[PDB]
$ cat coords.tsv   # TSV, C-alpha atoms and all ligand atoms
chain	number	residue	atom	x	y	z
V	1	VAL	CA	-4.90	-1.04	18.41
V	2	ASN	CA	-2.37	-1.02	15.51
V	3	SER	CA	-0.29	-3.75	17.24
V	4	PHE	CA	2.41	-3.96	14.61
V	5	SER	CA	5.14	-6.45	15.62
V	6	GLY	CA	8.57	-7.30	14.19
V	7	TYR	CA	9.06	-4.15	12.08
V	8	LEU	CA	12.43	-2.45	11.60
V	9	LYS	CA	12.22	1.35	12.00
V	10	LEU	CA	13.99	2.99	8.99
V	11	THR	CA	13.11	6.66	9.75
V	12	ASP	CA	11.00	8.52	12.37
V	13	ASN	CA	7.86	7.57	10.45
V	14	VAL	CA	8.69	4.60	8.15
V	15	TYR	CA	8.84	0.97	9.41
V	16	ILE	CA	9.33	-2.20	7.28
V	17	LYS	CA	8.70	-5.99	7.64
V	18	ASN	CA	9.10	-9.06	5.44
V	19	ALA	CA	5.43	-10.14	5.56
V	20	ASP	CA	2.22	-10.77	3.57
V	21	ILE	CA	0.10	-7.54	3.98
V	22	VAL	CA	-3.05	-9.74	4.16
V	23	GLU	CA	-1.69	-11.71	7.13
V	24	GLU	CA	-0.56	-8.47	8.83
V	25	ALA	CA	-4.06	-7.00	8.41
V	26	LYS	CA	-5.77	-10.10	9.84
V	27	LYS	CA	-3.49	-10.01	12.90
V	28	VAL	CA	-3.28	-6.25	13.58
V	29	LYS	CA	-6.73	-5.10	12.15
V	30	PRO	CA	-5.13	-1.64	11.65
V	31	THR	CA	-7.14	1.60	11.46
V	32	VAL	CA	-6.12	1.82	7.76
V	33	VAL	CA	-4.82	-0.76	5.24
V	34	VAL	CA	-3.65	0.63	1.89
V	35	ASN	CA	-4.63	-1.26	-1.28
V	36	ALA	CA	-2.41	-1.08	-4.40
V	37	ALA	CA	-5.44	-0.30	-6.55
V	38	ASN	CA	-6.14	0.60	-10.22
V	39	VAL	CA	-8.36	3.48	-11.46
V	40	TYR	CA	-11.56	1.36	-11.94
V	41	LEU	CA	-11.01	-0.49	-8.56
V	42	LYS	CA	-11.06	-3.94	-10.20
V	43	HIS	CA	-9.06	-6.17	-7.78
V	44	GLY	CA	-8.07	-8.93	-10.21
V	45	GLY	CA	-4.64	-10.01	-9.09
V	46	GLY	CA	-1.54	-9.19	-7.04
V	47	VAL	CA	-2.00	-7.38	-3.72
V	48	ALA	CA	-5.50	-6.07	-4.59
V	49	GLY	CA	-6.78	-9.55	-5.56
V	50	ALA	CA	-5.29	-10.96	-2.33
V	51	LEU	CA	-6.91	-8.31	-0.12
V	52	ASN	CA	-10.26	-8.72	-1.98
V	53	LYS	CA	-10.21	-12.49	-1.66
V	54	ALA	CA	-9.58	-12.20	2.14
V	55	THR	CA	-12.77	-10.10	2.43
V	56	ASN	CA	-14.58	-12.87	0.31
V	57	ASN	CA	-15.35	-10.31	-2.39
V	58	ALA	CA	-17.02	-7.76	-0.04
V	59	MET	CA	-14.29	-5.28	-1.08
V	60	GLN	CA	-15.11	-5.71	-4.80
V	61	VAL	CA	-18.91	-5.27	-4.30
V	62	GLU	CA	-18.37	-2.05	-2.37
V	63	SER	CA	-15.74	-0.82	-4.88
V	64	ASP	CA	-18.21	-1.40	-7.81
V	65	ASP	CA	-20.83	0.77	-5.98
V	66	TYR	CA	-18.19	3.52	-5.41
V	67	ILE	CA	-17.25	3.51	-9.14
V	68	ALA	CA	-20.91	3.62	-10.22
V	69	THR	CA	-21.60	6.78	-8.23
V	70	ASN	CA	-18.27	8.59	-8.40
V	71	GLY	CA	-16.52	7.44	-11.57
V	72	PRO	CA	-12.93	6.10	-11.74
V	73	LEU	CA	-10.05	7.50	-9.71
V	74	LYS	CA	-7.07	9.17	-11.47
V	75	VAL	CA	-3.45	7.84	-11.43
V	76	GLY	CA	-1.90	9.27	-8.26
V	77	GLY	CA	-5.32	9.54	-6.53
V	78	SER	CA	-7.24	7.62	-3.84
V	79	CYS	CA	-10.49	6.94	-2.03
V	80	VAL	CA	-11.41	5.74	1.49
V	81	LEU	CA	-13.81	2.77	1.69
V	82	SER	CA	-14.53	0.14	4.41
V	83	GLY	CA	-11.68	-2.13	5.50
V	84	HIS	CA	-14.30	-4.88	6.17
V	85	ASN	CA	-12.73	-7.72	8.29
V	86	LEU	CA	-9.17	-6.52	7.55
V	87	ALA	CA	-9.11	-2.97	8.97
V	88	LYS	CA	-11.44	-0.08	9.97
V	89	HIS	CA	-10.80	1.55	6.51
V	90	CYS	CA	-9.15	0.69	3.23
V	91	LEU	CA	-7.35	3.51	1.47
V	92	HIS	CA	-7.38	2.50	-2.24
V	93	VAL	CA	-4.34	4.24	-3.78
V	94	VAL	CA	-3.44	4.26	-7.49
V	95	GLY	CA	0.32	4.28	-8.17
V	96	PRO	CA	1.56	4.51	-11.81
V	97	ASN	CA	1.99	1.22	-13.69
V	98	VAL	CA	5.27	1.89	-15.61
V	99	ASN	CA	4.90	-1.60	-17.26
V	100	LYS	CA	1.82	-0.07	-19.01
V	101	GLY	CA	3.55	3.30	-19.72
V	102	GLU	CA	2.32	5.55	-16.83
V	103	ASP	CA	4.62	8.40	-15.53
V	104	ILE	CA	6.91	8.02	-12.48
V	105	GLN	CA	6.24	11.62	-11.22
V	106	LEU	CA	2.79	10.32	-10.16
V	107	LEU	CA	4.37	7.94	-7.57
V	108	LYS	CA	4.92	11.03	-5.31
V	109	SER	CA	1.21	11.99	-5.72
V	110	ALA	CA	0.21	8.39	-4.88
V	111	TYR	CA	2.25	8.43	-1.59
V	112	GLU	CA	0.89	11.87	-0.68
V	113	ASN	CA	-2.53	10.26	-0.07
V	114	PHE	CA	-1.09	8.42	2.97
V	115	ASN	CA	-0.66	11.84	4.73
V	116	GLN	CA	-4.43	12.12	5.49
V	117	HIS	CA	-4.18	9.09	7.90
V	118	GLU	CA	-2.09	9.04	11.11
V	119	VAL	CA	-1.19	5.31	10.91
V	120	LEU	CA	-1.33	2.97	7.87
V	121	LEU	CA	-0.34	-0.62	6.95
V	122	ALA	CA	0.77	-0.44	3.33
V	123	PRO	CA	2.44	-2.23	0.42
V	124	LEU	CA	5.40	-0.79	-1.58
V	125	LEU	CA	3.51	1.25	-4.23
V	126	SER	CA	4.06	0.53	-7.94
V	127	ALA	CA	6.46	-2.38	-7.18
V	128	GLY	CA	5.91	-6.00	-8.49
V	129	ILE	CA	4.25	-6.12	-11.87
V	130	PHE	CA	3.56	-2.34	-11.83
V	131	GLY	CA	7.25	-2.18	-12.89
V	132	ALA	CA	8.73	0.67	-10.81
V	133	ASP	CA	12.19	0.12	-9.25
V	134	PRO	CA	11.23	-1.01	-5.70
V	135	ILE	CA	14.14	0.78	-4.03
V	136	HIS	CA	13.16	4.01	-5.84
V	137	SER	CA	9.56	3.49	-4.49
V	138	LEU	CA	10.98	3.21	-0.95
V	139	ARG	CA	12.93	6.50	-1.40
V	140	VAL	CA	9.74	8.26	-2.59
V	141	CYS	CA	7.83	6.87	0.43
V	142	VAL	CA	10.54	8.11	2.82
V	143	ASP	CA	10.65	11.59	1.29
V	144	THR	CA	6.88	12.02	0.96
V	145	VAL	CA	5.07	10.29	3.78
V	146	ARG	CA	5.06	12.22	7.08
V	147	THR	CA	2.47	10.15	8.97
V	148	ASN	CA	3.36	6.69	10.46
V	149	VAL	CA	3.53	3.99	7.73
V	150	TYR	CA	4.18	0.28	8.29
V	151	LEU	CA	5.32	-1.29	5.01
V	152	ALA	CA	4.75	-5.03	4.51
V	153	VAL	CA	6.94	-6.48	1.67
V	154	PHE	CA	6.15	-10.17	1.03
V	155	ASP	CA	9.66	-11.21	-0.27
V	156	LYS	CA	12.70	-11.72	1.99
V	157	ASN	CA	15.12	-11.15	-0.94
V	158	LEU	CA	13.54	-7.77	-1.73
V	159	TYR	CA	13.21	-6.86	1.97
V	160	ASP	CA	16.95	-7.48	2.41
V	161	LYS	CA	17.88	-5.40	-0.70
V	162	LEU	CA	15.65	-2.52	0.60
V	163	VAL	CA	17.16	-2.56	4.10
V	164	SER	CA	20.69	-2.90	2.63
V	165	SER	CA	20.18	0.14	0.37
V	166	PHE	CA	18.65	2.14	3.19
V	167	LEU	CA	21.18	1.40	5.97
V	168	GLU	CA	24.33	0.73	3.90
V	201	LIG	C1	-0.25	-12.13	-4.26
V	201	LIG	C2	-0.57	-12.59	-2.88
V	201	LIG	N1	-1.36	-13.63	-2.68
V	201	LIG	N2	-1.49	-13.71	-1.33
V	201	LIG	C3	-2.40	-14.68	-0.74
V	201	LIG	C4	-0.80	-12.75	-0.68
V	201	LIG	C5	-0.19	-11.98	-1.64
V	201	LIG	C6	0.70	-10.85	-1.40
V	201	LIG	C7	1.57	-10.24	-2.26
V	201	LIG	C8	2.21	-9.18	-1.53
V	201	LIG	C9	3.23	-8.22	-1.76
V	201	LIG	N3	3.92	-8.20	-2.93
V	201	LIG	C10	4.80	-7.13	-3.38
V	201	LIG	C11	4.09	-6.11	-4.25
V	201	LIG	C12	4.11	-4.76	-3.92
V	201	LIG	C13	3.38	-3.84	-4.66
V	201	LIG	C14	2.62	-4.22	-5.76
V	201	LIG	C15	2.62	-5.58	-6.09
V	201	LIG	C16	3.34	-6.51	-5.36
V	201	LIG	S1	1.68	-6.21	-7.41
V	201	LIG	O1	0.49	-6.80	-6.89
V	201	LIG	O2	2.54	-7.03	-8.24
V	201	LIG	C17	1.24	-4.76	-8.30
V	201	LIG	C18	0.73	-3.71	-7.33
V	201	LIG	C19	1.90	-3.16	-6.55
V	201	LIG	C20	6.04	-7.73	-4.09
V	201	LIG	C21	6.97	-6.65	-4.61
V	201	LIG	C22	6.79	-8.69	-3.18
V	201	LIG	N4	3.58	-7.35	-0.79
V	201	LIG	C23	2.95	-7.46	0.39
V	201	LIG	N5	2.00	-8.34	0.76
V	201	LIG	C24	1.66	-9.17	-0.24
V	201	LIG	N6	0.72	-10.18	-0.18

$ encode --input "coords.tsv" --output "structure tokens" --more "lines below"
Ligand SMILES: Cc1nn(C)cc1-c1cc2c(N[C@H](c3ccc4c(c3)S(=O)(=O)CCC4)C(C)C)ncnc2[nH]1
Amino acid sequence: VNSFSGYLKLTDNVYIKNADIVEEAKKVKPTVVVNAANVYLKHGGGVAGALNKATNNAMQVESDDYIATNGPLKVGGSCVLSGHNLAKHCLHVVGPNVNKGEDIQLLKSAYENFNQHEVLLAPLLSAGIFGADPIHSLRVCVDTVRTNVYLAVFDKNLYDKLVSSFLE
């Protein structure tokens, strides 16, 4: 259960590893994997496309049924759906996409959703092509998340700049 291996503990509740979140999910099968989702839950590329493809589109079919019945999420919001073969549950969380003009204050609201789950495997919200400064996203995670979060960052160069900023 939640057999995370090779993480570096940054704070009492935040751990980090240079790894592909999809490979971590297949190995660990955590209770909750966080998806870096968008408001209409269309998993077209990046982390979301990679998680969806590893479920062989089961994630997208289920997401389409959620949107039909409930409408889109809001920026900073989330929903819990099945984790399929990757986890017991997937927490779809919408961080702001600053590359498309969304506000950075909503990154705190996005991280707040992690607090409803005791243990989560997660990506660095709003990083990559969402355009937020990745070190700033780590600082928001550290100040906001109180439950136990295992961050998988699939880039050694970025992993080392995060750990360097955090420890020195
Ligand atoms: C793509 C891909 N293809 N396959 C097969 C695996 C992956 C893969 C990518 C990836 C990952 N990337 C990081 C990241 C973090 C957050 C966001 C993005 C990207 S984004 O998709 O550009 C926009 C949404 C927010 C980078 C900063 C290194 N972090 C962990 N696991 C990952 N797995």

$ atom_distance --input "coords.tsv" --atom1 "CA of residue 60 in chain V" --atom2 "CA of residue 158 in chain V"
28.9 Å

$ residues_around --input "coords.tsv" --residues "range 8-17 of chain V" --least-positions-apart "4" --cutoff "7 Å" --atoms "all atoms listed in the file" --output "PyMOL selection string"
chain V and resi 142+146-153

$ residues_near_ligand --input "coords.tsv" --ligand "ligand LIG 201 (chain V)" --cutoff "6 Å" --atoms "all atoms listed in the file" --output "list in words"
residues 20, 21, 22, 36, 46, 47, 50, 123, 124, 125, 126, 127, 128, 129, 130, 152, 153, 154 and 155 of chain V

$ atom_distance --input "coords.tsv" --atom1 "CA of residue 23 in chain V" --atom2 "CA of residue 97 in chain V"
24.8 Å

$ residues_near_point --input "coords.tsv" --point "(-3.5, 4.3, -10.3)" --cutoff "10 Å" --atoms "only C-alpha atoms" --output "MDAnalysis selection string"
chainID V and resid 36:41 72:78 92:97 102 106:107 110 125:126 130

$ atom_distance --input "coords.tsv" --atom1 "CA of residue 19 in chain V" --atom2 "CA of residue 63 in chain V"
25.4 Å

$ axis_aligned_box --input "coords.tsv" --around "range 132-142 of chain V" --padding-each-side "5 Å" --output "AutoDock Vina command-line options"
--center_x 11.0 --center_y 3.6 --center_z -4.0 --size_x 16.3 --size_y 19.3 --size_z 23.6

$ build_atoms --input "coords.tsv" --residues "range 8-41 of chain V" --atoms "N, CA and C atoms" --output "PDB file, in the coordinates of the input"
ATOM      1  N   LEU V   8      11.149  -3.134  11.423  1.00  0.00           N
ATOM      2  CA  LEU V   8      12.430  -2.450  11.600  1.00  0.00           C
ATOM      3  C   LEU V   8      12.164  -0.969  11.264  1.00  0.00           C
ATOM      4  N   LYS V   9      12.460  -0.071  12.204  1.00  0.00           N
ATOM      5  CA  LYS V   9      12.220   1.350  12.000  1.00  0.00           C
ATOM      6  C   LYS V   9      13.305   1.896  11.079  1.00  0.00           C
ATOM      7  N   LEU V  10      12.955   2.442   9.894  1.00  0.00           N
ATOM      8  CA  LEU V  10      13.990   2.990   8.990  1.00  0.00           C
ATOM      9  C   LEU V  10      14.180   4.476   9.286  1.00  0.00           C
ATOM     10  N   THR V  11      13.051   5.204   9.435  1.00  0.00           N
ATOM     11  CA  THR V  11      13.110   6.660   9.750  1.00  0.00           C
ATOM     12  C   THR V  11      12.102   6.924  10.888  1.00  0.00           C
ATOM     13  N   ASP V  12      11.975   8.188  11.355  1.00  0.00           N
ATOM     14  CA  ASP V  12      11.000   8.520  12.370  1.00  0.00           C
ATOM     15  C   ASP V  12       9.580   8.064  12.065  1.00  0.00           C
ATOM     16  N   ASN V  13       9.202   7.991  10.774  1.00  0.00           N
ATOM     17  CA  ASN V  13       7.860   7.570  10.450  1.00  0.00           C
ATOM     18  C   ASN V  13       7.723   6.393   9.493  1.00  0.00           C
ATOM     19  N   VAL V  14       8.839   5.709   9.109  1.00  0.00           N
ATOM     20  CA  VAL V  14       8.690   4.600   8.150  1.00  0.00           C
ATOM     21  C   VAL V  14       9.264   3.339   8.794  1.00  0.00           C
ATOM     22  N   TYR V  15       8.466   2.286   8.855  1.00  0.00           N
ATOM     23  CA  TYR V  15       8.840   0.970   9.410  1.00  0.00           C
ATOM     24  C   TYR V  15       8.680  -0.072   8.275  1.00  0.00           C
ATOM     25  N   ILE V  16       9.451  -1.207   8.344  1.00  0.00           N
ATOM     26  CA  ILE V  16       9.330  -2.200   7.280  1.00  0.00           C
ATOM     27  C   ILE V  16       9.410  -3.645   7.854  1.00  0.00           C
ATOM     28  N   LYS V  17       8.691  -4.589   7.219  1.00  0.00           N
ATOM     29  CA  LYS V  17       8.700  -5.990   7.640  1.00  0.00           C
ATOM     30  C   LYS V  17       8.571  -6.897   6.399  1.00  0.00           C
ATOM     31  N   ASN V  18       9.220  -8.051   6.470  1.00  0.00           N
ATOM     32  CA  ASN V  18       9.100  -9.060   5.440  1.00  0.00           C
ATOM     33  C   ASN V  18       7.824  -9.799   5.823  1.00  0.00           C
ATOM     34  N   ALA V  19       6.701  -9.516   5.184  1.00  0.00           N
ATOM     35  CA  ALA V  19       5.430 -10.140   5.560  1.00  0.00           C
ATOM     36  C   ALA V  19       4.417  -9.987   4.460  1.00  0.00           C
ATOM     37  N   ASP V  20       3.368 -10.863   4.464  1.00  0.00           N
ATOM     38  CA  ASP V  20       2.220 -10.770   3.570  1.00  0.00           C
ATOM     39  C   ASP V  20       1.279  -9.694   4.176  1.00  0.00           C
ATOM     40  N   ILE V  21       0.972  -8.596   3.434  1.00  0.00           N
ATOM     41  CA  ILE V  21       0.100  -7.540   3.980  1.00  0.00           C
ATOM     42  C   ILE V  21      -1.269  -8.093   4.431  1.00  0.00           C
ATOM     43  N   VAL V  22      -1.745  -9.188   3.801  1.00  0.00           N
ATOM     44  CA  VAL V  22      -3.050  -9.740   4.160  1.00  0.00           C
ATOM     45  C   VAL V  22      -2.971 -10.373   5.555  1.00  0.00           C
ATOM     46  N   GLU V  23      -1.869 -11.123   5.820  1.00  0.00           N
ATOM     47  CA  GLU V  23      -1.690 -11.710   7.130  1.00  0.00           C
ATOM     48  C   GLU V  23      -1.491 -10.638   8.183  1.00  0.00           C
ATOM     49  N   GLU V  24      -0.743  -9.564   7.860  1.00  0.00           N
ATOM     50  CA  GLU V  24      -0.560  -8.470   8.830  1.00  0.00           C
ATOM     51  C   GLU V  24      -1.908  -7.831   9.182  1.00  0.00           C
ATOM     52  N   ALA V  25      -2.757  -7.654   8.163  1.00  0.00           N
ATOM     53  CA  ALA V  25      -4.060  -7.000   8.410  1.00  0.00           C
ATOM     54  C   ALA V  25      -4.921  -7.866   9.281  1.00  0.00           C
ATOM     55  N   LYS V  26      -4.945  -9.195   9.027  1.00  0.00           N
ATOM     56  CA  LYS V  26      -5.770 -10.100   9.840  1.00  0.00           C
ATOM     57  C   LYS V  26      -5.329 -10.108  11.298  1.00  0.00           C
ATOM     58  N   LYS V  27      -4.028  -9.987  11.547  1.00  0.00           N
ATOM     59  CA  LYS V  27      -3.490 -10.010  12.900  1.00  0.00           C
ATOM     60  C   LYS V  27      -3.738  -8.694  13.621  1.00  0.00           C
ATOM     61  N   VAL V  28      -3.255  -7.591  13.030  1.00  0.00           N
ATOM     62  CA  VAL V  28      -3.280  -6.250  13.580  1.00  0.00           C
ATOM     63  C   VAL V  28      -4.662  -5.559  13.529  1.00  0.00           C
ATOM     64  N   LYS V  29      -5.454  -5.800  12.469  1.00  0.00           N
ATOM     65  CA  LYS V  29      -6.730  -5.100  12.150  1.00  0.00           C
ATOM     66  C   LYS V  29      -6.474  -3.568  12.272  1.00  0.00           C
ATOM     67  N   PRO V  30      -5.524  -3.049  11.485  1.00  0.00           N
ATOM     68  CA  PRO V  30      -5.130  -1.640  11.650  1.00  0.00           C
ATOM     69  C   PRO V  30      -6.283  -0.690  11.385  1.00  0.00           C
ATOM     70  N   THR V  31      -6.122   0.589  11.780  1.00  0.00           N
ATOM     71  CA  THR V  31      -7.140   1.600  11.460  1.00  0.00           C
ATOM     72  C   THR V  31      -7.238   1.754   9.959  1.00  0.00           C
ATOM     73  N   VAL V  32      -6.082   1.696   9.234  1.00  0.00           N
ATOM     74  CA  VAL V  32      -6.120   1.820   7.760  1.00  0.00           C
ATOM     75  C   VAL V  32      -5.162   0.838   7.095  1.00  0.00           C
ATOM     76  N   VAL V  33      -5.652   0.055   6.106  1.00  0.00           N
ATOM     77  CA  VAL V  33      -4.820  -0.760   5.240  1.00  0.00           C
ATOM     78  C   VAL V  33      -4.905  -0.112   3.849  1.00  0.00           C
ATOM     79  N   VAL V  34      -3.734   0.068   3.211  1.00  0.00           N
ATOM     80  CA  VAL V  34      -3.650   0.630   1.890  1.00  0.00           C
ATOM     81  C   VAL V  34      -3.722  -0.524   0.860  1.00  0.00           C
ATOM     82  N   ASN V  35      -4.565  -0.344  -0.164  1.00  0.00           N
ATOM     83  CA  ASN V  35      -4.630  -1.260  -1.280  1.00  0.00           C
ATOM     84  C   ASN V  35      -3.843  -0.653  -2.454  1.00  0.00           C
ATOM     85  N   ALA V  36      -3.116  -1.514  -3.206  1.00  0.00           N
ATOM     86  CA  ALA V  36      -2.410  -1.080  -4.400  1.00  0.00           C
ATOM     87  C   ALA V  36      -3.428  -1.263  -5.520  1.00  0.00           C
ATOM     88  N   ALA V  37      -4.308  -0.262  -5.635  1.00  0.00           N
ATOM     89  CA  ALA V  37      -5.440  -0.300  -6.550  1.00  0.00           C
ATOM     90  C   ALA V  37      -5.160   0.194  -8.015  1.00  0.00           C
ATOM     91  N   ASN V  38      -6.153   0.022  -8.910  1.00  0.00           N
ATOM     92  CA  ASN V  38      -6.140   0.600 -10.220  1.00  0.00           C
ATOM     93  C   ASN V  38      -7.340   1.575 -10.321  1.00  0.00           C
ATOM     94  N   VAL V  39      -7.371   2.405 -11.373  1.00  0.00           N
ATOM     95  CA  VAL V  39      -8.360   3.480 -11.460  1.00  0.00           C
ATOM     96  C   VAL V  39      -9.831   2.999 -11.472  1.00  0.00           C
ATOM     97  N   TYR V  40     -10.146   1.792 -12.005  1.00  0.00           N
ATOM     98  CA  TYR V  40     -11.560   1.360 -11.940  1.00  0.00           C
ATOM     99  C   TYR V  40     -11.808   0.403 -10.744  1.00  0.00           C
ATOM    100  N   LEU V  41     -10.847   0.332  -9.764  1.00  0.00           N
ATOM    101  CA  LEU V  41     -11.010  -0.490  -8.560  1.00  0.00           C
ATOM    102  C   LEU V  41     -11.438  -1.917  -8.877  1.00  0.00           C
TER     103      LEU V  41
END
